[PDB]
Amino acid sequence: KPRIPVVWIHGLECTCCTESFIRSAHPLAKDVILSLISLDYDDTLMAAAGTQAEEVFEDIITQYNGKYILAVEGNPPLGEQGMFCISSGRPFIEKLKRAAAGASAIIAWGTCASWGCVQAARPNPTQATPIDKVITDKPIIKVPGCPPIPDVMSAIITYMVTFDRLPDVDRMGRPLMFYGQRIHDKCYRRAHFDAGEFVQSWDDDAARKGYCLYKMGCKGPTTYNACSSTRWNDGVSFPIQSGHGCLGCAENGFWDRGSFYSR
């Protein structure tokens, strides 16, 4: 049984979403790559470089035109004619558009591809722009977070393969399954919020008992993600559980909503 072809491209990014993907505990990234999909192009992991990598790219998007999923990590910069991000000597945006033209659907991994993320924070030196402002004629699934949760990434992939359909999305294009509710709506410290039991300074007695981080700047009340339920790294923790407020990292523009430590 042929595996679904996936082309994974990288714009301006820090590679955290690729790193998150390989952290997947179930299915293991190994098993995704060997058994679930055909990861046919991926700068971070592929053997071929340079002209050989260009040949793979061109062959896959031609042979599987209309039939591959395009995964995009990072974003294109509009500044300097696009030459803030160069691939094969030309603007990354050209490779994005060419890849997007042949895709059946596009997964925008991370807050970078979804919204802009850190490079788009004020004053956005490069005019970094999210994928959906450039590609306007394809289904785009936004999977935001900096990075998204590893097992969320793999669960979205498995859903698409198993059910042969895209996940249903909210009005922003985020999968309902993992972005339908706020962090604060499933936070295990909510009892403390409800009771006015707050950490007021780091490592105070409240902090040592797991009191709410709202007065420390937690953005859980405005942030949609699965961190408080599905959690991180095979359920080991999430930001709040280890004592830091949510930064709001799955939400558009989160770097520019004031200090992480103001409420």
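All residue numbers refer to positions in the sequence shown, first residue = 1.
Colleague: Mean C-alpha B factor from the entry: is it higher for 204-212 or for 59-67?
Modeller: Higher of the two, by average CA B-factor, is 59-67.
Colleague: Taking the mean of the C-alpha B-factors per stretch from the entry, tell me the winner out of 105-113 and 160-168.
Modeller: Between 160-168 and 105-113, it is 160-168 that shows the higher mean C-alpha B-factor.
Colleague: Based on the deposited C-alpha B factors for this chain, I'd like to know if residue 15 is in the lowest, middle or highest third.
Modeller: Ranked within chain, residue 15 CA B lands in the highest tercile.
Colleague: Ranking the modelled residues of this chain by C-alpha B-factor as given in the entry, is residue 237 in the lowest, middle or highest third?
Modeller: As the PDB entry reports it, the C-alpha B-factor of residue 237 lands in the lowest third of its chain.
Colleague: Compared with the other modelled residues in the chain, in which third is the CA B-factor of residue 184?
Modeller: Its C-alpha B-factor, which the entry lists for residue 184, ranks in the middle third among residues of this chain.
Colleague: Lowest, middle or highest third: where is residue 75 by C-alpha B factor in its chain?
Modeller: It belongs to the middle third of the chain when residues are ordered by C-alpha B-factor.
Colleague: For the chain shown, is the CA B-factor of residue 51 in the lowest, middle or highest third of its modelled residues?
Modeller: Its C-alpha B-factor, which the entry lists for residue 51, ranks in the highest third among residues of this chain.
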